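Trainee: Before I ask anything, here's the sequence and the deposited coordinates:
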Amino acid sequence: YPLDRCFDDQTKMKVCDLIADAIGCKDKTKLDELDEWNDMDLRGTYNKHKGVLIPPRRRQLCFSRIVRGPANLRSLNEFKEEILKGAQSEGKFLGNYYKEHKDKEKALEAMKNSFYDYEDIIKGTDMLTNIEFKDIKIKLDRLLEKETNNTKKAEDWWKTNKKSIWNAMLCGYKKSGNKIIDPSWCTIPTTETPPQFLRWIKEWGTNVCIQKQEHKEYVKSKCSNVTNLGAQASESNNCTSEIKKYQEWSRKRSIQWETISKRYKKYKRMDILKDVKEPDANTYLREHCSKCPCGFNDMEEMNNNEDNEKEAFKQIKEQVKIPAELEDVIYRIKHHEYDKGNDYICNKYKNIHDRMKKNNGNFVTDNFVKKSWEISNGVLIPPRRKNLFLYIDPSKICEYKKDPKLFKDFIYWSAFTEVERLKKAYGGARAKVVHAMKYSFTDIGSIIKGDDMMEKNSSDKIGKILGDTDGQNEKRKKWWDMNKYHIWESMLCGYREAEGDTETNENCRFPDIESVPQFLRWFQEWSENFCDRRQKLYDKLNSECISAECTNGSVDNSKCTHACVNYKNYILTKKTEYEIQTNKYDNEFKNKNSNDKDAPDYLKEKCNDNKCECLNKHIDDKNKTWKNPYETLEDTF
């Protein structure tokens, strides 16, 4: 009762106690956030804009000004503050559900949205046919203004005329008899007033994003941990269809926010800020509230496109894997890429890049493209990865690691700079650059998890950070994903610089090779860097002499003589490596995840470019090996 109790209590503030409730409020709380805000707010909605979604606006504008009489009972009107009487409390008056939901932030957000809605109405920004919205607002303002002065109507009237604003939420129900001692909760950022454009777009953003947060809540709570052995106990399959229903109504909102992209049509009244930059609505929502993303984009996948989709007939059916796909985190935009590059988030992401880190330590151009293979442990790590640009030093240590966000940004910067490094290394070669991004991304993943054979020093450094002080890398693993999406889109954005707008449809949108073991990835890339080198060799000097393998040691001309020399040295190196990777595989990566196949079969099936899957001339690379040319390399228990 008399406790600390934000100043409302300890004020001798019996004034609000003497203040009663408005004659309005025919409801204090009806059904909250759900499918009601669609178009049922106005008729002839085309006026002044297209018909749009609304907050709990028509659901709470308690109407004590029934008469709309003269400004004689309306000197300070005693209702535009009285209607708000009732607040964060035992749990009613616009937020009733939070007491059952056990979250004060729900009531606080309801208060803030309704409050700024009243600010809008006082200034006048509504697109809905409401009597108070009509002249009565400015009529009362002008009538109160009738003293041959004060033509600052909105600025002076904005609460009444005297006390700044917002004094009406305090002393709610039971004088707001349920609270939290922190004044930051007890008073909102009243001082800052987002503009009316920002207010209506934030109306939209909240009214959709908070609902989609609760939609994620339905997705996680029910329709998941079910239909997977099992529930409840009949089948619980139809729960899946329920999200299909959610999507449906949400998808309407989809096209609706497209109008929000236009909003006049005039794409924006104002520009880049904490929640708004609006190249599109999805960018706003990503830039939007702390208790965001979008969403949860823009799923389940109808559109939200260009491709990819699932998505037909509908579904296949064969059953839909949205259960398996989305029951687990993913909780956010992965769906992506699609974007494909038609965006703004990339360039502002570059605005993040080379800033907060000004290339204060940056290496490129070692020309590892034209180099050979090296053991470095007796293990033959790729020259692709040998100088992979990422390394930390003192001032980036366990004591330094109290800024995981900044460290994450540094990792993104490293990946982006790596993208430019590959650009310079190939001198620009888009097809090669895409696979460059593939192995670089997946090897950065290996490092950040920490399994690399050649890495022995910065692996310990990243072990110092991110915890995991034992041999286990659990926290590093649970970091790597989910950071996979952000790192990969970072590298894709880096790649887009030369293309501008050209989707890497040739590649898997997210590199699937992330799943497979790291050593297998190195073998795959060295196979990819193999027998494309061979084709270049045939182009160089086998083109003129002659057509194929010569029928002796080698001679038709001195040039392709040297071509055969390079060939046999290259094959010698390949046989040594192929041997070491084969024994490594059959020993310690064979038949885990039940890969019943020899390493060359893995080479065949994982390859898709068809440059690999060699199949050499004077064949040494194939699905098998000579000396009993059947296959090998099987293991079991």
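Mentor: Okay, I see it. Numbers count the residues shown, from 1 in each chain.
Trainee: Okay, domains of the protein per the record?
Mentor: 1-193, 196-335, 348-515, 532-637 (automatic domain parsing).
Trainee: Leaving out chain neighbours, which residue sits closest to the residue nearest the centre of the chain?
Mentor: Geometric centre of the chain, nearest residue: residue 333, 3.9 Å, by CA atoms, centre = their mean. Nearest in space to residue 333, with sequence neighbours left out and distances taken as CB to CB, 6 or more residues apart in numbering, is residue 297 at 4.9 Å. Bear in mind the C-beta positions are built from the backbone N, C-alpha and C, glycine included.
Trainee: okay, now the one you found: neighbour count?
Mentor: Neighbourhood size, residue 297 [other CB atoms under 10 Å]: 18.
Trainee: from what I can see it touches residue 332, true?
Mentor: Yes. Assessed by CB atoms under 8 Å, residue 297 is found in contact with residue 332 at 7.4 Å.
Trainee: CA atoms of stretch 143-151 as CSV?
Mentor: Only the C-alpha atoms of stretch 143-151 are listed here, as CSV (Å, rounded to 0.1, in the frame of the first residue of the first chain):
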residue,chain,number,x,y,z
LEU,A,143,-13.6,27.1,-29.3
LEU,A,144,-11.2,26.8,-26.3
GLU,A,145,-8.9,29.0,-28.4
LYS,A,146,-11.4,31.8,-28.7
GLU,A,147,-9.5,34.4,-26.7
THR,A,148,-7.9,36.3,-29.6
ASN,A,149,-4.6,34.4,-28.9
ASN,A,150,-3.1,30.9,-28.8
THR,A,151,-3.4,29.8,-32.4
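Trainee: now it: how far from the chain's centre is it?
Mentor: How far stretch 143-151 lies from its chain's middle: 52 Å, per CA atoms, centre = their mean, to the nearest Å.
Trainee: sorry, back to before: on the three-state scheme, the residue nearest to residue 333 is what?
Mentor: Three-state call for residue 297 (DSSP: H, G, I helix; E, B strand; the rest coil): coil.
Trainee: Spit out the contact partners of it.
Mentor: Counting by CB atoms under 8 Å, 6 or more residues apart in numbering, residue 297 makes contact with 282, 304, 332-333, 335.
Trainee: switch the cut-off to 7 Å
Mentor: 282, 304, 333, 335 (CB atoms under 7 Å, 6 or more residues apart in numbering).
Trainee: tell me which element the third one falls in.
Mentor: The one in question is residue 333. Under the criterion DSSP states H and E, no helix or strand holds residue 333.
Trainee: roughly how far apart are the residue of the chain most remote from its centre and residue 448?
Mentor: Going by CA atoms, centre = their mean, the residue of the chain most distant from its centre is residue 552, 60.5 Å out. Between residue 552 and residue 448 the distance, using CB to CB, to the nearest Å, works out to 52 Å.
Trainee: Please apply the same query to residue 51.
Mentor: For residue 51, the distance to residue 448 equals 48 Å [CB to CB].
Trainee: Ok, residue 623 next?
Mentor: Note on residue 623: its distance to residue 448, by CB to CB, is 34 Å.
Trainee: Comparing the two, which residue is more hemmed in?
Mentor: Between residue 623 and residue 448, counted using other CB under 10 Å, the more crowded position is residue 448 (20 against 17).
Trainee: Next up, the contacts around that one.
Mentor: Applying CB under 7 Å, 6+ apart, we find residue 448 in contact with 462, 476, 479-480.
Trainee: Which of those residues has the largest number of neighbours?
Mentor: residue 462 (23 neighbours).
Trainee: quick one: contacts for that residue?
Mentor: Residue 462 sits next to 448, 450, 476 when contact means CB under 7 Å, 6+ apart.
Trainee: give the contact list for the last one.
Mentor: So the one you mean is residue 476. For residue 476, the contacting residues are 448-450, 462, 466, 468, by CB under 7 Å, 6+ apart.
Trainee: Mark which of those residues are part of helices, please.
Mentor: Secondary structure from DSSP state H places 448-449, 462 of the contacts of residue 476 in helices.
Trainee: picking that back up, want to throw the contacts of residue 476 into CSV with distance to residue 203?
Mentor: Listed next are the contacts of residue 476 as CSV, based on distance: CB to CB, whole Å:
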residue, distance to residue 203
448, 40
449, 43
450, 46
462, 44
466, 40
468, 44
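Trainee: Go ahead and measure how far the helix or strand hosting residue 405 is from the middle of the chain.
Mentor: Assigned by DSSP H and E, residue 405 falls within helix 404-426. Taking CA atoms, centre = their mean, the mean C-alpha location of helix 404-426 is offset from the chain mean by 19 Å.
Trainee: And for stretch 100-109?
Mentor: Distance, centroid of stretch 100-109 to centroid of chain: 25 Å (CA atoms, centre = their mean).
Trainee: Can you tell me what sits against that stretch?
Mentor: Identification of contacts with stretch 100-109 by CB under 7 Å, 6+ apart yields 88, 91, 95, 97-98, 180, 185.
Trainee: same thing but 8 Å
Mentor: Contacts of stretch 100-109 (CB under 8 Å, 6+ apart): 87-88, 91, 94-95, 97-98, 180, 185, 188, 206, 210, 291.
Trainee: Among those, which are located in strands?
Mentor: Within these, no residue falls in strands by DSSP state E.
Trainee: got these as a markdown table, with neighbour count and distance to residue 238 columns?
Mentor: Converted to a markdown table, these look like this (neighbours: other CB atoms under 10 Å; distance: CB to CB, whole Å):
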| residue | neighbour count | distance to residue 238 |
| --- | --- | --- |
| 87 | 26 | 40 |
| 88 | 28 | 38 |
| 91 | 18 | 32 |
| 94 | 24 | 34 |
| 95 | 28 | 32 |
| 97 | 17 | 26 |
| 98 | 21 | 30 |
| 180 | 12 | 40 |
| 185 | 15 | 40 |
| 188 | 16 | 42 |
| 206 | 21 | 30 |
| 210 | 18 | 26 |
| 291 | 11 | 30 |
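Trainee: Mind checking which of those are in helices?
Mentor: With DSSP H as the criterion, helices contain 97-98, 185, 206, 210 from among the contacts of stretch 100-109.
Trainee: Present these as CSV; the columns should include distance to residue 514.
Mentor: Shown next, in CSV, are these (distance: CB to CB, whole Å):
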residue, distance to residue 514
97, 41
98, 41
185, 42
206, 35
210, 33
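Trainee: Among those residues, find me the one that's closest to residue 161.
Mentor: The shortest gap between residue 161 and any of these belongs to residue 185, at 28.1 Å (CB to CB).
Trainee: Double-check that closest one against residue 179; I have them as touching.
Mentor: Yes. The pair residue 185 and residue 179 passes the contact test of CB under 8 Å, sitting 7.5 Å apart.
Trainee: Now do the shared contacts for the two.
Mentor: In contact with both residue 185 and residue 179: residue 6, using CB under 8 Å, 6+ apart.
Trainee: mind listing what residue 184 touches?
Mentor: Per CB under 8 Å, 6+ apart, neighbours of residue 184: none.
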